Amino acid sequence: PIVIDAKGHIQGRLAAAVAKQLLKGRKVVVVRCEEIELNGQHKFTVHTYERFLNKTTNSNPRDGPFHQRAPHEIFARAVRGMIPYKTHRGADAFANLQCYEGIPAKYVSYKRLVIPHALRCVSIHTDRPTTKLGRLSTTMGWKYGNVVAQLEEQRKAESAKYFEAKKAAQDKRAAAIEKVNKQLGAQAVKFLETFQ
Amino acid sequence: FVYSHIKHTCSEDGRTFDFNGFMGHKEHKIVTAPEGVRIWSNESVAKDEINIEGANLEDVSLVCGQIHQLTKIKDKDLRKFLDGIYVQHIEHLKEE
Amino acid sequence: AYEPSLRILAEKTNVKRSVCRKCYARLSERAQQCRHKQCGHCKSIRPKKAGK
Amino acid sequence: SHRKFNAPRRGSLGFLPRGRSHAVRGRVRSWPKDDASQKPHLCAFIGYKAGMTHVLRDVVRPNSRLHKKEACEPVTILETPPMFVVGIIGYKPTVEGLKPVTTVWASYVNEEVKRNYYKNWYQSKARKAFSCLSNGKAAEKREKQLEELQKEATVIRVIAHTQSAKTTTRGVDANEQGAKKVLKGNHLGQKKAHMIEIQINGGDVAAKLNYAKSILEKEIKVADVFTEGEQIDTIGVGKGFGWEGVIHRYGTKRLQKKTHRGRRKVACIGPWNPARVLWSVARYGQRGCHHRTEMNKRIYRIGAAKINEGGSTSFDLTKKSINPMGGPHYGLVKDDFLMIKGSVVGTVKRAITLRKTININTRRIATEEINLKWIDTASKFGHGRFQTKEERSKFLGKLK
RNA sequence: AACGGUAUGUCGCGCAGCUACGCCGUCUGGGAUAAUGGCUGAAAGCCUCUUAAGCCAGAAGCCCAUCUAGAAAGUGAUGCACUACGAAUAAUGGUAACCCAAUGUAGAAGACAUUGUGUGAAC
RNA sequence: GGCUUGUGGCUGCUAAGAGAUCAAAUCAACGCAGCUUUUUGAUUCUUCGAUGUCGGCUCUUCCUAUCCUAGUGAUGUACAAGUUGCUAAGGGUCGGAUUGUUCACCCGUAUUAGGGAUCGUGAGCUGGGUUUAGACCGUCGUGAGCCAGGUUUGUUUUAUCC
RNA sequence: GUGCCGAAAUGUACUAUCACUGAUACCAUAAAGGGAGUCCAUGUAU
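Which chain is which? The protein sequence lines are C, Z, L and S, in order.
Sequential numbering of the first sequence, starting at 20, is according to our numbering.
Sequential numbering of the second sequence, starting at 2, is according to our numbering.
Sequential numbering of the third sequence, starting at 64, is according to our numbering.
Sequential numbering of the fourth sequence, starting at 4, is according to our numbering.
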């Protein structure tokens, strides 16, 4: 079960990577779905979504395509396009996905991978505007955008206290490893570091 | 305040500014500045005049533009009815 | 009566401007192009007229 | 144009689906935003719709045609017995929504509240619900939970229920200790209480848990929630009419008299394409029994109920009770009441939940002088000649 | 005669119920935009709303606030019941329900609501 | 219905002048280039073991090439009333006289746009018109008979299936 | 044909592009006419 810090990423680039490795048969959480960032100015990104809102079934709206405004189900929809989701293999694969706005209390402990070719540095040029998913959703009416920021602050304080302890462990580990290098030998230290 | 014949009343303490009776209408138009940019008037020496000053030129000159756009008249020719709050000088606070 | 000196402030903004003849849009008195994208930044501009 | 003529739409599109609500009382959608600061001050309160009169107000509007003139105005009268606080809830804010952080309960619980958790009370031998009486679990547990509400929960709401009240059986003479006691029902019938929950709009959260714990296991009255001159939203279910035709439900124009297969219908359901009936089209179905709010209902006067001086106003110096002589479909009204201006949603006997209005009027009718000259207490079956019984003997003293 | 039948009797008035030709409510502020108007400011030692970065003002329109429906969004609270920093990217059995019996707050049938030793029903 | 757009409707580019003076406030020739399927043609691909054909009545939704309402710019914009450009389709867009009418045209009002959905809508209606068999008039034909020439009387079925 | 649906390089090397926009013959439409948008550029003068 992978977890993906999806801050910094592009929506379609991540979704193309994620949707492929779902079909290979692997469970995959992503987290921080709101800090995924699309190409375009804020004007341009909103006008794309306002076209998507028009698309309703005329006889009745209830059977119409649903317009999910939360970032965690905007991203889930972009992945659903790239999987054959109507088949049994696609519906099994799509069930293995997970998106969360703000990394929740379950997945704080897990080691978080960052798939490098979907980062907005590598794929967009410099001097071209980009917007977040959270910024867009709030504009499109998501009402919990404000709440998520509050939660991040509480978490990132507690994540800082982990690292100040983890420094103190690894510093005295290096001072312990300073002693053990003399016990093995001069030439044994070369074989570990350099490889002879 | 550039006017003819109907006279313009003002009210201010420091950070804010108010309208009454511009071009004859009773409605009050109010402008709120940012922090660290002082609006003030004094009708003895200045007489029918307002003073804006502050450190940052972006925030100061925003307010002078923002005050100007409240006074725009509609469905009447601005060439004849020229009336509002127009910027006279753009000087320094204390030149040393 | 208006005050003679205080016309020159007001007539700078209102009267002394240039105007497009497709947009009809207001511009500075020395200006070559039309700012708006519609009409393709048309380059034809007159002064604003002097009615009395 | 293609329609061939222009005429507004028949019926509102925002109050769909036009079907039954199974709520017994007015379910409140959204409470007013907390000002923050100030005092918590409860908001909502239940009252039963007792009936309706009219009243002769004397009007004071500057710059209108009714300046210093009398004005007849209809008035509904909701009976409001003073309701009893029991529980207290928190609600944590999450990314999904507001989610609860446990309800604390009071020391004991009245058996009106126990009725809610059975459909068959009369069968039940054990009747074991809310067995929080055990001493070890309950006392220790609350102070744990009341600590957790300070920690997490931003919004706090107070569970509260209506007093059905107590009495003595039939021909045992009452006010005596050997007599067995039992729940009297409402003017409807019911002994089972209407439990609600009421948001407290007082700032600090912590401050609220002083107020909402002070109010706990104590009855609330109406006089310390609403005040005379308040604009109030009345929330309730309306008046059931069963199935209905297309003409009466949506208010359409009926067809020519010459129509084969009758004229009580809309003629064109729709066009050829799209090949389908639309949600927008008028159609045969349920009418009434719809849950509704209505805004900006003034309360003219607040009641209390041997003097029975409540019905009468400052003038006249004759005391008249509020109930019209002869009492229809309700009861007397020996409780706190509210003379609400105009209509209120639902039939007689219905539980209306009142609520403070979400945002404020600036209209001058909102901040008017109330001054009632005189009120009707004539009977409603059907034409009423005498306001009071006292008038009767004087008017026609000798009978048979 | 009284009190009735029949002509689905005719006329007069008529509670209740429904109903309009009657009566009450329709409050109210955001956010991002479309046109467009401005500020600072280069390109172009001048000048320009940006035709460049950045900032402001901005529609009965769009999205929120309000109001209607609502967990096969197969959810939740309460009662009973059986393996790890963060930031940028021109950076660091016994209960219970239902039947049944009324009632109406309601109803085509289902359902919903309330009560079932109590003035609940009938008088 | 489709393809096509001559014809109908709508819009550009250019200016030769009207506009007192002054081409471009507003009109716009002689020309040239487009868009539209709300007119009518052209065609014969589909339907002749049958998609019920005109108008009105009743109800819905959609388009904008905006008349009004919201916001803005120009002017031969002093005021008012106007002419005109841009963004906007949430709301509003009507009572009657004659006519089968669509359209037209008058009287009257709260100032006042035009369209689409099998020329929306007949197991929803109506049947005035169109288009049978009765009958009359007029021209034409020796005659039987004919006539986008006129007039009058003339049957509008079924849902219980998905 | 080679981001994912979808089998196969988001391949290597080299030039352009910001636009509610563009995207692979027949093919499923767009013209005359404009633009100190940007890149490349011809001839002259200072």
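Idealized CB from N, CA, C, for every residue including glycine.
### Query
Fully enclosed by the segment 65-101 of chain L, which alpha helix (DSSP H) runs are 4 residues long or longer?
70-76
### Task
With DSSP as the reference, label residue 326/S as helix, strand or coil.
By 1-based counting over the fourth sequence, the position of residue 326/S is 323. Here DSSP, grouped into helix, strand and coil, assigns residue 326/S to coil.
#### Entry: residue 86/C beta carbon less than 8 Å from that of residue 71/C
Counted from its first residue, the first sequence places residue 71/C at position 52. Counted from its first residue, the first sequence places residue 86/C at position 67. Taking 8 Å as the Cβ cut-off, residue 71/C and residue 86/C qualify as a contacting pair.
### Query
Relative to the C-alpha of residue 205/S, which residue among 157/S, 170/S, 286/S and 229/S is closest?
Numbered from 1 along the fourth sequence, position 202 holds the residue referred to as residue 205/S. Of 157/S, 170/S, 286/S and 229/S, the residue nearest in Cα terms is 157/S.
### Query
If you draw a straight line from the C-alpha of residue 107/S to the C-alpha of residue 161/C, how long is it?
By 1-based counting over the fourth sequence, the position of residue 107/S is 104. By 1-based counting over the first sequence, the position of residue 161/C is 142. Here the alpha carbons of residue 161/C and residue 107/S stand approximately 32 Å from one another.
### Message
Could you compute how far the alpha carbon of residue 25/Z sits from the alpha carbon of residue 73/C?
### Response
The residue labelled residue 25/Z in the question sits at position 24 within the second sequence. The residue labelled residue 73/C in the question sits at position 54 within the first sequence. Near 46 Å, if we compare the C-alpha coordinates of residue 73/C and residue 25/Z.
### Message
Any beta carbon from chain C within less than 8 Å of residue 34/S's own beta carbon?
### Response
Translated into positions along the fourth sequence, residue 34/S becomes position 31. Taking Cβ atoms only, chain C never reaches closer than 8 Å to residue 34/S, which makes this a no.
### Query
Are residue 283/S and residue 328/S closer than 8 Å when you measure CB to CB?
Indexing the fourth sequence from 1 puts residue 283/S at position 280. Indexing the fourth sequence from 1 puts residue 328/S at position 325. Taking 8 Å as the Cβ cut-off, residue 283/S and residue 328/S do not qualify as a contacting pair.
### Query
To the nearest angstrom, how far is it from the Cα of residue 289/S to the Cα of residue 331/S?
On the fourth sequence, position 286 is the one that residue 289/S refers to. On the fourth sequence, position 328 is the one that residue 331/S refers to. Their Cα atoms are separated by approximately 27 Å.
### Query
Would you report the Cα separation of residue 83/C and residue 49/C, rounded to the nearest angstrom?
As a working note, residue 83/C is residue 64 in the first sequence. As a working note, residue 49/C is residue 30 in the first sequence. Their backbone Cα atoms lie some 28 Å apart in a straight line.
### Message
With three or more C-beta pairs closer than 8 Å as the rule, is the segment 51-64 of chain S touching the segment 371-381 of chain S?
### Response
With contact defined as three or more Cβ pairs closer than 8 Å, the segment 371-381 of chain S and the segment 51-64 of chain S are in contact.
### Task
Return helix, strand or coil for residue 118/C, following the three-state DSSP convention.
Your numbering for residue 118/C matches position 99 in the first sequence. Strand, per DSSP.
#### Entry: Members of the segment 83-104 of chain S near chain C, C-beta cut-off 9 Å
96, 97, 98, 99 and 100
### Query
Could one say the Cβ of residue 167/C lies closer than 8 Å to chain S's Cβ atoms, at least one of them?
Along the first sequence, one-based indexing puts residue 167/C at 148. So, interface residue.
### Task
For my contact list, residue 196/S and residue 217/S are in at a C-beta cut-off of 8 Å; report their separation, rounded to the angstrom.
Position 193 of the fourth sequence holds residue 196/S. Position 214 of the fourth sequence holds residue 217/S. In fact, because the Cβ distance is near 22 Å, the residues do not count as touching under 8 Å.
### Query
With burial defined as no fewer than 16 other Cβ atoms inside 10 Å of the residue's Cβ, what is the status of residue 90/C: buried or exposed?
Your numbering for residue 90/C matches position 71 in the first sequence. When all chains shown are included, residue 90/C counts as buried.
### Query
Does the segment 350-359 of chain S come close enough to the segment 26-35 of chain S to have 3 or more Cβ pairs within less than 8 Å?
yes
#### Entry: Assigned secondary structure, residue 82/S (DSSP; H/G/I helix, E/B strand, else coil)
Sequence index remark: in the fourth sequence, residue 82/S carries index 79 (1-based). Looking at residue 82/S - three-state DSSP - the assignment turns out to be strand.
### 8 Å CB neighbourhood of residue 49/S in its chain, flanking five on each side removed
For the purposes of this step, residue 49/S is identified with residue 46 of the fourth sequence, where counting begins at 1. Excluding residues within five positions, the ones whose Cβ falls inside 8 Å are 28, 83, 86, 165, 197, 199, 354, 355, 356 and 357.
### Message
Under DSSP, the beta strand (DSSP E) around residue 103/S begins and ends at which residues?
### Response
Position 100 of the fourth sequence, counted from the first residue, corresponds to residue 103/S. Its beta strand (DSSP E) spans residues 101-107.
### Query
What residues from chain Z crowd round residue 82/L, counting only those whose CB sits closer than 7 Å?
The residue labelled residue 82/L in the question sits at position 19 within the third sequence. Residues of chain Z passing the Cβ test: none, with the nearest at roughly 12 Å.
#### Entry: Contact list for the segment 262-290 of chain S against chain C, Cβ threshold 8 Å
So the list reads 277, 279, 280, 281 and 282, given in the order they occur along the chain.
### Query
For the segment 73-99 of chain C, which residues have a beta carbon sitting closer than 9 Å to at least one beta carbon of chain S?
77, 78, 79, 80, 81, 89 and 91
### Message
Below 8 Å on the Cβ atoms is my contact criterion, and I expect residue 23/Z with residue 40/Z to pass it. Report the Cβ-Cβ distance as a whole number of Å.
### Response
As a working note, residue 23/Z is residue 22 in the second sequence. As a working note, residue 40/Z is residue 39 in the second sequence. Incorrect: roughly 17 Å between the Cβ atoms, too far for contact.
#### Entry: chain L contacts made by the segment 59-75 of chain Z, where a contact means CB separation under 7 Å
none
### Beta bridge counterpart(s) of residue 26/Z as assigned by DSSP
On the second sequence, position 25 is the one that residue 26/Z refers to. Here residue 26/Z is bridged, per DSSP, to 23/Z.
### Query
When the distance is taken between beta carbons, is residue 53/S closer than 8 Å to residue 80/S?
Counting from one through the fourth sequence, the residue named residue 80/S turns up at place 77. Counting from one through the fourth sequence, the residue named residue 53/S turns up at place 50. Yes, these two residues count as a Cβ contact at 8 Å.
### Query
Count the other CB atoms within 10 Å of the CB of residue 298/S; is the residue buried (16 or more) or exposed (fewer)?
Position 295 of the fourth sequence, counting from 1, holds the residue named residue 298/S. Residue 298/S is exposed by the Cβ-count criterion.
### Query
Would residue 94/Z pass as a contact of residue 77/L if the rule is Cβ separation under 8 Å?
Taking the first residue of the second sequence as position 1, residue 94/Z is located at position 93. Taking the first residue of the third sequence as position 1, residue 77/L is located at position 14. No.
#### Entry: residue 45/Z at chain L interface by Cβ criterion, 8 Å
Mapped onto the second sequence, residue 45/Z falls at position 44. So no, residue 45/Z is outside the interface.
### Task
Mark residue 100/S as exposed unless 16 or more other C-beta atoms lie within 10 angstroms of its C-beta, in which case mark it buried.
On the fourth sequence, position 97 is the one that residue 100/S refers to. It is exposed - the Cβ of residue 100/S has fewer than 16 other Cβ atoms within 10 Å.
### Nearest-angstrom Cα separation, counted from residue 210/S out to residue 395/S
Here residue 395/S corresponds to residue number 392 of the fourth sequence, with the count starting at 1. Here residue 210/S corresponds to residue number 207 of the fourth sequence, with the count starting at 1. The straight-line gap from Cα to Cα measures roughly 57 Å.
### Message
My output table needs one value for residue 37/C: the three-state DSSP class, helix, strand or coil.
### Response
For the purposes of this step, residue 37/C is taken as residue 18 along the first sequence, with counting starting at 1. The answer is helix: DSSP assigns residue 37/C an H, G or I state.
### Query
Relative to chain Z, which residues along the segment 65-94 of chain L have a C-beta separation below 9 Å, given in chain order?
From the segment 65-94 of chain L, only 65, 66, 69, 70, 72, 73, 74, 75, 76, 77 and 78 have a Cβ closer than 9 Å to chain Z.
### Task
Report the neighbours of residue 197/C on chain S: residues whose CB is nearer than 8 Å to its CB, in chain order.
For the purposes of this step, residue 197/C is taken as the residue at position 178 of the first sequence. Per Cβ cutoff of 8 Å: no residues; residue 197/C is ~45 Å from chain S at best.
### residue 294/S - containing beta strand (DSSP E), residue span
For the purposes of this step, residue 294/S is taken as the residue at position 291 of the fourth sequence. Secondary structure note for residue 294/S: its beta strand (DSSP E) is the uninterrupted segment 294-305.
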